[PDB]
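In my numbering, the protein residues as written are 2 to 116.
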């Protein structure tokens with residue numbers, strides 16, 4: 002509270018480490034559904050159903066331009082990618098499986114890096 006602070010957790014490496022994680026995700030073989038924004042002209046249903054589209058390119062641009070105030074807002078956008086994928090795609094489709102695999106991959110790198 003006022004003039005009473007918890008000890009300072011060192012955040013100075015967070016940007017670099019989120020960038021490394023994101024590089025790892027961009028280079029995964031199963032990243033292909035997630036590399037660019039879903040084309041809203043060519044994918045019926047996507048625009049109306051998925052209220053907050055998110056993709057790795059958009060996260061990379063946000064990361065590069067200071068639009069994440071902290072590492073939790075970065076993790077929220079990554080998880081949004083996989084949450085959107087589960088909303089729109091059957092678990093037993095190639096895209097649906099890709100999204101599960103990517104989520105698993107991310108969450109391990111997240112825990113190993115920060116927890």
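We put the CB at the ideal spot given by N, CA and C, even for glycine.
Contact holds between the region 106 to 115 and the region 18 to 35, because three or more Cβ pairs, one in each stretch, are under 8 Å apart. Non-local beta-carbon contacts of residue 39 in its own chain, meaning distances under 8 Å to residues more than five positions away in sequence, involve 47, 51, 54, 56 in chain order. In this structure the region 14 to 21 lies against the region 69 to 82, because at least three pairs of beta carbons, one per stretch, are closer than 8 Å.
When the beta-carbon positions are compared, residue 15 and residue 64 stay at least 7 Å from each other. For residue 26, the enclosing alpha helix (DSSP H) covers residues 15 to 27. Distance between residue 35 and residue 70, taken at the CA atoms: about 23 Å. One thing to note: residue 31 has its Cβ within 7 Å of the Cβ of residue 99.
Residue 7 and residue 67 have their C-alpha atoms some 25 Å from each other. Bounds of any alpha helix (DSSP H) do not take in residue 32, whose DSSP letter is neither H nor E.
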